[PDB]
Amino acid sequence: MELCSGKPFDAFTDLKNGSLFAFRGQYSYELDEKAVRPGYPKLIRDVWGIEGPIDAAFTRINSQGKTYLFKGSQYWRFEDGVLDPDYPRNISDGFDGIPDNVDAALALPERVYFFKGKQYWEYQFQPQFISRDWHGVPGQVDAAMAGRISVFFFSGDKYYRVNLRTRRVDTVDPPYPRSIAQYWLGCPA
């Protein structure tokens, strides 16, 4: 399936050195201005060595910049695009109190947020309600990604941008939620 199909996404890694990966079904999409063929559909099995679909992803913004991919009760940890030793692991082994089958995740430089249903968990290296703490985000999300000053929440074929300081949905034209394909990916539409 092509990047600009208009279909919902499953997961996004966090922005690292200006690039990230998008996941949908069995496919991995590399989004980087410096890439020769940005957004070519590659198999997750080829790039990451695991079967899609994946539930959630995040990337730490420390020196090592490890990427974490979640599916079911399992997670995989990558550095330099290679699976670390002793992965995959049960989520319970690395992430005390975080549930299985998460909807989304994002990392901030150090906290990770995990999203599932109407709730989210904070993990540092009880659940709270998404809507109470992420003002204007209506509840359940499919995917999430953190940048520098904003996080992005993906719901179906649309998304929200949330300011990290205010934890509020930004006021843009046309307003959030809006098309991922048209306004986030810059897809010809």
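Start at 1 and count along the sequence shown; that's the residue number.
Sequence continuity check, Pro109 and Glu110 (deposited residues unmodelled): Unresolved stretch here: 4 to 9 residues.
Deposited-sequence gap flanked by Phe125 and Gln126: Going from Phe125 to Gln126, the model skips 4 to 9 residues of the deposited sequence.
Per the PDB record, is the mean Cα temperature factor higher over 88 to 96 or over 69 to 77? The deposited B-factors put 88 to 96 ahead on the C-alpha mean.
Averaging only over Cα atoms, indicate whether 58 to 66 or 144 to 152 has the higher B-factor in the PDB entry. Per the PDB record, 58 to 66.
Hey, what third does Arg161 fall into on Cα B-factor, ranked over its chain? Tercile = lowest for this residue's CA B-factor.
Split into thirds by Cα B-factor across the chain's modelled residues, where does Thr13 land: lowest, middle or highest? It belongs to the lowest third of the chain when residues are ordered by C-alpha B-factor.
Considering every modelled residue of the chain and its Cα B-factor in the PDB entry, is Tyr40 in the lowest, middle or highest third? It belongs to the highest third of the chain when residues are ordered by C-alpha B-factor.
In terms of the CA temperature factor given in the entry, to which third of its chain does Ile130 belong: lowest, middle or highest? Lowest third.
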